[PDB]
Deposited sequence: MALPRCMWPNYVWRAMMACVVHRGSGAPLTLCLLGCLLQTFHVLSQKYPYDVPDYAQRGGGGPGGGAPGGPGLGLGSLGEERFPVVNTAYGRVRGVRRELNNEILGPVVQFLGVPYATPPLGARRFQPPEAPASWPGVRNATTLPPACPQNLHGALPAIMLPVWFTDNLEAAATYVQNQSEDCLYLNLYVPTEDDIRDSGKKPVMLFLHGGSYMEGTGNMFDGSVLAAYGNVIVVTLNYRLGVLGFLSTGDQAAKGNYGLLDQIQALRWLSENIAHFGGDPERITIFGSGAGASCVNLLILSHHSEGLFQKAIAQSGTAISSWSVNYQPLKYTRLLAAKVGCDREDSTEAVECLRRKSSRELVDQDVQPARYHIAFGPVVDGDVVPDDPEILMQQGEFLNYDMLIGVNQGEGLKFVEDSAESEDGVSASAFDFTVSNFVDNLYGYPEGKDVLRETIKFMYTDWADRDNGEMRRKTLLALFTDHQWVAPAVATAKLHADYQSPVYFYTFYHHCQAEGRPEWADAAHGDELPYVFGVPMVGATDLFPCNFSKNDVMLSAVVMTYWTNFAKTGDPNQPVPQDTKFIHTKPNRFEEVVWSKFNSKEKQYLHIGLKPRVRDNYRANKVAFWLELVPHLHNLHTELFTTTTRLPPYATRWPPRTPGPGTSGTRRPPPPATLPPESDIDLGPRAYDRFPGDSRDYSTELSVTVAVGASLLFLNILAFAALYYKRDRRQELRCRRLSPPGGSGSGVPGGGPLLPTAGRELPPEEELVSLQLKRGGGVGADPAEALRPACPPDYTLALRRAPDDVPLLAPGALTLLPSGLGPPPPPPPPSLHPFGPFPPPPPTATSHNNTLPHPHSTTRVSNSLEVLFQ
């Protein structure tokens, strides 16, 4: 049918699309309901407002337009998910209707009371992506939960700031908070539960989730959180010099005033497409436009705030993949042997210069992190140097910040569940030596194996992948239901039945090792994590 549900601002008409598979029940999709006023003119570069009531019934059947972006331009290719960089054309297929009016969200209701809600905060980086790429319909049909995927302002229109009061910034975070408010005060009509709202995202979008924890704006909106392959303390999570890039963009676009307010007004006079297409290149392993520490949404740097217990006890599910810096070694990934020492030292030196660059001492730090990240039992392998470089990038950017934030969240008696992903979808262009890369868990979480390969994921999915996906969404939906991945639904079609996930205590850093052969392990890369967290600050 075409079910109609009345919201607090009007009435919307959904659909009743039935899934390709058999065991999955029908799913009702309200694709394209709005949650804020479209920031088109003077409301641009301002926090969003509540929507406007409409008379009658509004169609919700087609995917809403995406926010303005430039996929075929100059984007940070090191932080984007691998499946998004590989399938760039199939990704740009979705972002074709780009327009400044994009603040719409899609809900996937399924067909033990009110169903929990799971918001998905997408975004490999802050300059690209849209919510229509992830068909959260298999997940809703499996876990009996309501998946909500939103669209928020990205790039210049959502994160431009000057530090002053003329342009505070963090308009994307405010859009996400407005969407959370809309879900909190409207999901009861759809059968959802406004008291069991989880937020889960991958990549830098997960960073938003973390940045949505240290903000007093989102106090009672959501109860849990699932941050996978993302943190608020990595190098590319927040922007610390927003004026240096805002002035650069203003100068390149045509008007660079010395007054913040008039420059902001001049930018507001520009079109939404002219300033998106403009190329502003940030420093390596950083971001140009992103969340900015101002005092309203992000009171201070996320490292300081989360150390002194500035959060309100959200159940948390953190995790990382095994090797995520697959694009760190990409200039030397198509050779018979790996990286020669003359190039390994060059890459490590460039790494140190770009990230640390501390003038106090660098001839000591470079040597010690060269010595640590090499296996002396097989020193002259060459081929197994790409592995150590990949491990270096994965450990510094993803594993260490994730472990640090898990320890900090678990030091204030808030539940933390740590996971590590090893299995990956067997693609065509993915190298055999490489392992599960950045964002290589999204197909499994969303039920792509149980619905068949799509344009974004062209891999051949066997029965092993189907079982792993079923187990992964079982864990995620159990966490959404109660906050413990083991209690609601016992594991069923295997080595997944007898493994019990345990919390992440700081003293005993227990975690679960999701993969072909699961196990509740005791410490993940304790040597390198301790190196990056406890030794490098002393050098």
query: Deposited residues without C-alpha coordinates, grouped into stretches that follow sequence order; finding: 1 to 81, 193 to 198, 581 to 587, 634 to 870
